[PDB]
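Comments concern the structure below.
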Amino acid sequence: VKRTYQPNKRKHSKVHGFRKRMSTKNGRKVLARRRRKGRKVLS
Amino acid sequence: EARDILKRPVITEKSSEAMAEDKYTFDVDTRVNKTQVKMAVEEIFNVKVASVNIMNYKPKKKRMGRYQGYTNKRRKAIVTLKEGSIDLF
Amino acid sequence: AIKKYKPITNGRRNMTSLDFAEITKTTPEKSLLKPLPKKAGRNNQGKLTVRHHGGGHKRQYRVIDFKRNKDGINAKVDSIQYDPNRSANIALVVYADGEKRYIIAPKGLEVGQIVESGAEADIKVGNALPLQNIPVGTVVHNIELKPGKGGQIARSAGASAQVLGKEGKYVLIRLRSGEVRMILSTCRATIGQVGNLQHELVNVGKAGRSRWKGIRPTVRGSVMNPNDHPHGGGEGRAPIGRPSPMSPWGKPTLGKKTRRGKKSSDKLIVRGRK
RNA sequence: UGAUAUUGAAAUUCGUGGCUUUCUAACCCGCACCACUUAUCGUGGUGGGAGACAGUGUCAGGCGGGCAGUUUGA
RNA sequence: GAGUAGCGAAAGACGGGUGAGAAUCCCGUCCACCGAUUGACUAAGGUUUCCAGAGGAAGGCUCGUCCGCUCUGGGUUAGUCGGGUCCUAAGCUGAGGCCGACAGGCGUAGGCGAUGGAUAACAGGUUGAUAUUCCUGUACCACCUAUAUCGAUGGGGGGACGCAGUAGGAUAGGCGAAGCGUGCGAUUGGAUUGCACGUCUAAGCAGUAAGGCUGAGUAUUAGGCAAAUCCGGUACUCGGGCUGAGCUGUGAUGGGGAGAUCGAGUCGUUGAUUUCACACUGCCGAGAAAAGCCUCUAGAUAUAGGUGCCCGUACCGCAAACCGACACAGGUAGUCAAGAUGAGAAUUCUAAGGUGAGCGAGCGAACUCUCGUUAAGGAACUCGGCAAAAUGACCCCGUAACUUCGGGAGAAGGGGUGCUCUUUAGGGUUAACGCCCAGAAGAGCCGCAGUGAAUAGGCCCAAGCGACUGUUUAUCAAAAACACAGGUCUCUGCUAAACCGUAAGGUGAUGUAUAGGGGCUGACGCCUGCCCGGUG
Numbered sequence: 002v003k004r005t006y007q008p009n010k011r012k013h014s015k016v017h018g019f020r021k022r023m024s025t026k027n028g029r030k031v032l033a034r035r036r037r038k039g040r041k042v043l044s
Numbered sequence: 002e003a004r005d006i007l008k009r010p011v012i013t014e015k016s017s018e019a020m021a022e023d024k025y026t027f028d029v030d031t032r033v034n035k036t037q038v039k040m041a042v043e044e045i046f047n048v049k050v051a052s053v054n055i056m057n058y059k060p061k062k063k064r065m066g067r068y069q070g071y072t073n074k075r076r077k078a079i080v081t082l083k084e085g086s087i088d089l090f
Numbered sequence: 002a003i004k005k006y007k008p009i010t011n012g013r014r015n016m017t018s019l020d021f022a023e024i025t026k027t028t029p030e031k032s033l034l035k036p037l038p039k040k041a042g043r044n045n046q047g048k049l050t051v052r053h054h055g056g057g058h059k060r061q062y063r064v065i066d067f068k069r070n071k072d073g074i075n076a077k078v079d080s081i082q083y084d085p086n087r088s089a090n091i092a093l094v095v096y097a098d099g100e101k102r103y104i105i106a107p108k109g110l111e112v113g114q115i116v117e118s119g120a121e122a123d124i125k126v127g128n129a130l131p132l133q134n135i136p137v138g139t140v141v142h143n144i145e146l147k148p149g150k151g152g153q154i155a156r157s158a159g160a161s162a163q164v165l166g167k168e169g170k171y172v173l174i175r176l177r178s179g180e181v182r183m184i185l186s187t188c189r190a191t192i193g194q195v196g197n198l199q200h201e202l203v204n205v206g207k208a209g210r211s212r213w214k215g216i217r218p219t220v221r222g223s224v225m226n227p228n229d230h231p232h233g234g235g236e237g238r239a240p241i242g243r244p245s246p247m248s249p250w251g252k253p254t255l256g257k258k259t260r261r262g263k264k265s266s267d268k269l270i271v272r273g274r275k
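Residue numbers (UniProt numbering), protein chains in the order written: chain V, 2 to 44; chain P, 2 to 90; chain G, 2 to 275.
Put into structure tokens, the structure is as follows:
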């Protein structure tokens with residue numbers, strides 16, 4: 002059976018990722034939130 | 002510069018077989034070209050270079066008590082000589 | 002005329018088709034083509050705003066001359082051609098300068114004969130000229146609506162209108178739908194009827210031949226659920242259990258008029274007919 | 001669908017008020033040409049078309065399972 | 001619960017060796033299994049699993065001396081391969097701009113963006129681990145220096161394109177040879193051209209090459225935002241260019257070989273799903289863009305040595321390295337693909353190559369599963385012929401109603417099919433012999449049986465429904481439900497109705513009443529009666 006999640010390096014970085022996040026006002030809110038929690042990776 | 006370009010020579014089985022010919026191996030700075038590695042080997046050793054091949058190597062996993070950690074990333078360059086020899090000893 | 006097929010297959014049982022005997026060449030003039038990528042009923046936002054549009058055959062746009070501008074310079078018809086984007090055929094007319102451009106082909110122009118534009122031409126098929134210079138009782142086509150803009154009325158296969166009267170600066174005319182209306186006298190028109198009069202008697206024949214044209218299937222509202230259509234719901238088959246039939250957005254859709262009041266053309270139209 | 005603001009002009013008409021006409025200066029044109037300009041955006045100029053209408057704000061009446069919140073005894 | 005269930009599709013055996021310990025590790029022989037794949041490549045994805053030494057705690061459904069596991073040392077080399085320093089599509093962004101309580105939405109010039117266009121390298125050797133990258137040999141491309149031309153930021157040409165169909169030219173590959181090389185020659189009754197293998201080598205250069213396309217000159221000028229000798233028109237005379245697979249040379253005097261430092265590389269025939277090539281013919285559904293490239297003018301002033309950057313390159317890749325929590329009977333684009341048999345890429349057996357399945361040894365109870373056979377009967381079984389059985393290929397003779405004249409039709413129903421020997425008509429290629437491909441008639445021989453195995457429709461009669469191909473409840477429903485071609489009503493005159501959105505902007509549509517949106521009906525045939533009081 003085909004499963005969800007067929008991985009894809011370039012799709013992964015265009016939908017989730019630093020520049021995509023820093024493009025929207027709500028994406029910068031995600032990254033602010035993860036910084037005050039102290040996550041080791043932000044995106 | 003020209004001593005920032007070159008870091009240290011490599012001494013293994015595959016490199017001692019290469020200087021049976023006139024091929025010498027160094028570990029260089031990770032941010033330089035072929036054409037800088039070529040113009041730095043004559044300024045230091047005073048030889049005449051015929052070619053330079055470069056390789057980028059990626060960081061390797063390495064544990065000490067099953068830990069995290071990666072080695073440095075490396076850039077090693079094989080230079081061919083037309084005139085002379087490098088006695089790196 | 003209309004090529005009729007033998008019933009070799011159930012698909013081609015009652016299926017007809019044009020014979021294409023008027024089309025003189027079978028390849029466009031390369032310097033007059035644009036791309037035409039499909040926009041299949043989807044707008045800015047990317048949402049389907051018009052139903053039943055989809056993926057057909059690929060097409061290139063040909064640049065048609067709807068405002069006939071080159072006046073007092075003759076043009077010889079070089080070729081009649083096929084256009085995928087409209088229901089009429091098109092003609093390639095070469096000017097006396099060496100300037101080629103397409104024209105909508107009228108019902109009775111053959112390859113070779115000449116045409117011309119401007120307010121000093123002959124009243125014969127293929128010519129264009131303002132509406133103050135057309136004698137009452139002529140059938141025209143490709144009728145402008147604002148001067149300089151280009152023709153907009155009577156551009157389908159077999160379409161025409163005829164001039165009726167004259168006011169001070171306007172002109173009476175009856176359209177293909179029987180509505181009577183006055184148009185400004187400075188707006189041009191072409192003499193004749195649009196060709197391809199047998200385009201309507203074609204019997205498509207297959208479901209898959211309407212998928213080649215870009216039409217996608219229609220689900221009747223009766224066989225939907227109540228969250229989809231006002232006509233949805235019910236035991237088995239149901240009648241339209243409402244005073245009037247409704248559209249998929251809940252407006253009345255049989256007899257109820259939708260033209261909006263306070264329009265600037267409320268003066269210009271005389272006799273109405275849909 | 002009305003009143004009213006943006007909103008002006010001259011006349012005819014029957015009772016200083018209304019009605020209807022006509023005019024154009026306001027407003028409008030997904031309209032032609034010319035600049036910015038490499039530009040099917042925009043802004044400005046020029047001809048044309050329409051014009052005190054339309055569009056827009058406030059107030060008012062109709063319609064309104066298209067869409068909401070709910071009630072539907074012991 | 002309990003020393004219980006299970007231990008995940010499939011064949012192993014023995015000998016020798018290593019070790020404290022061997023069904024399980026390494027070497028050998030034989031046997032088996034896949035082979036349009038259990039073989040060879042390569043995208044994606046994964047990230048060191050790759051290689052060599054060493055180890056046996058845990059992981060491995062058993063064991064382990066072994067490992068994709070642990071330990072410490074290594075391994076990826078490019079002017080030409082693929083990507084950037086080149087082009088653009090859908091989309092994504094967008095100076096100024098337009099819109100909006102805020103936040104922001106939209107959009108112009110202009111940019112980003114391959115799954116497409118452009119673009120200069122080949123053969124052989126070599127490592128434990130890389131190679132069109134290193135080495136040997138022979139090349140080609142851009143630039144730089146020594147020894148009129150350049151030319152648009154602009155114009156034109158080009159680039160530049162669908163689907164189907166058949167015929168042809170080649171070549172790769174296969175096959176056969178008393179063509180010639182090499183290397184054997186039998187201890188089971190026989191035989192001795194008798195048995196096995198081999199039978200060639202690029203890019204580049206410079207030659208000629210089936211086929212495919214198609215008038216060429218001169219003058220002229222109201223067009224291509226200015227210009228033009230270029231293009232597009234017009235009038236005149238007169239009726240060889242530019243592309244293209246292959247082949248030959250010569251490379252290179254070398255390189256590789258069946259093999260014993262030496263060593264052959266001929267002839268015939270079958271031939272593509274590759275190439276000439278979307279060429280040619282036909283059809284209607286009418287089949288990207290941009291740069292490189294070639295010209296035009298606004299304008300402007302032939303050998304000798306060198307130089308050539310960045311990123312990827314290991315290994316798995318129908319799999320124990322990827323997605324499925326697992327060393328999981330599932331899923332995972334593309335290229336290559338031999339012999340016998342055949343229409344075949346089907347079937348059965350084999351090649352090149354790979355593999356023997358990470359628990360076993362016994363015994364041969366019930367009962368469960370998967371498979372084979374069955375007296376006499378032959379649907380009596382059962383809700384129901386469910387399941388099983390039977391049919392099955394090629395050839396020939398034959399074939400009903402009904403029909404929309406196409407069908408029904410492989411209707412039904414019958415007969416043939418192995419091998420040997422005679423004689424007999426031709427058709428591919430060649431000067432012949434040859435070498436392939438097919439037929440007809442006769443006379444025999446064997447068996448229970450001759451598509452002797454494997455793979456390959458059961459038929460008929462009548463009734464309801466839906467015309468038909470098609471679509472659907474991923475994971476209890478595939479249908480009489482949905483589509484549909486056709487029919488009908490209605491709304492809509494263009495800044496159209498309709499629809500998305502606060503608007504701006506859009507779809508409709510670069511369309512214009514033979515057009516578009518919505519409601520119902522549902523091929524085709526013959527038809528569709530009455531009622532406008534109530535509601536719209």
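Every residue, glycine too, gets a C-beta built ideally from N, C-alpha and C.
Query - Close Cβ partners of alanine 106 of chain G (< 7 Å) along its chain, the five nearest in sequence each way excluded - result: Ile81, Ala89, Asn90, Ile91, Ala92 and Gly196
Report task. Could you tell me the distance, in whole angstroms, from the CA atom of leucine 176 of chain G to the CA atom of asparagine 15 of chain G? Result -> Cα to Cα, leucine 176 of chain G sits roughly 33 Å from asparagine 15 of chain G.
Query raised in the report: Alpha carbon to alpha carbon, how far is residue 302 of chain G from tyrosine 96 of chain G?
Result: Past the boundaries of the shown model lies residue 302 of chain G; chain G is included only from 2 to 275, so the question cannot be answered.
**Report entry** Enclosing beta strand (DSSP E) for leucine 185 of chain G [first to last residue]
**Finding:** 181 to 185
Query raised in the report: Taking the alpha carbon of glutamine 163 of chain G as the point to measure from, which residue in G:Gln153, G:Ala190 and G:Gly152 has its own alpha carbon closest?
Result: G:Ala190
Query - Residue from G:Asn86, G:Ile74, G:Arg87 and G:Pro85 with nearest C-alpha to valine 94 of chain G - result: G:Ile74
Query raised in the report: In whole angstroms, what is the alpha-carbon distance linking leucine 132 of chain G and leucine 165 of chain G?
Result: 11 Å
Query raised in the report: Taking buried to mean at least 16 other C-beta atoms within 10 Å of its own C-beta, is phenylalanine 19 of chain V buried or exposed?
Result: exposed
Query raised in the report: Got a sec? Which residues, its chain only, sit under 8 Å from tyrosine 71 of chain P by beta carbon, not counting five neighbours each side?
Result: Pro60, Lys61, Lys62 and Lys63
Query raised in the report: Which residues does DSSP pair with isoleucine 144 of chain G in a beta bridge?
Result: G:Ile154
Query - Supposed close pair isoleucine 192 of chain G, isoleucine 124 of chain G - CB separation, criterion 8 Å - result: 6 Å
Report task. Using DSSP bridges, identify the partner residues of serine 18 of chain G. Result -> G:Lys4
Query raised in the report: Roughly how many whole angstroms lie between the Cα atoms of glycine 222 of chain G and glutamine 194 of chain G?
Result: 39 Å
Requested in this report: Take the Cβ of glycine 127 of chain G as the centre, count every other Cβ of all protein chains shown within 10 Å, and call the residue buried at 16 or more, exposed below.
Outcome: buried
Query raised in the report: Which of helix, strand or coil does DSSP assign to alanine 162 of chain G?
Result: strand
Requested in this report: Mind checking who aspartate 28 of chain P pairs with in its DSSP beta bridge?
Outcome: P:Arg9 and P:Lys77
Query raised in the report: Contact check, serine 161 of chain G vs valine 141 of chain G under 8 Å by CB: the rounded distance?
Result: 7 Å
Requested in this report: Pick out whichever of P:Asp88, P:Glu44, P:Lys24 and P:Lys83 has its Cα sitting closest to the Cα of residue 127 of chain P.
Outcome: The question about residue 127 of chain P has no answer here: the residues shown for chain P are numbered 2 through 90.
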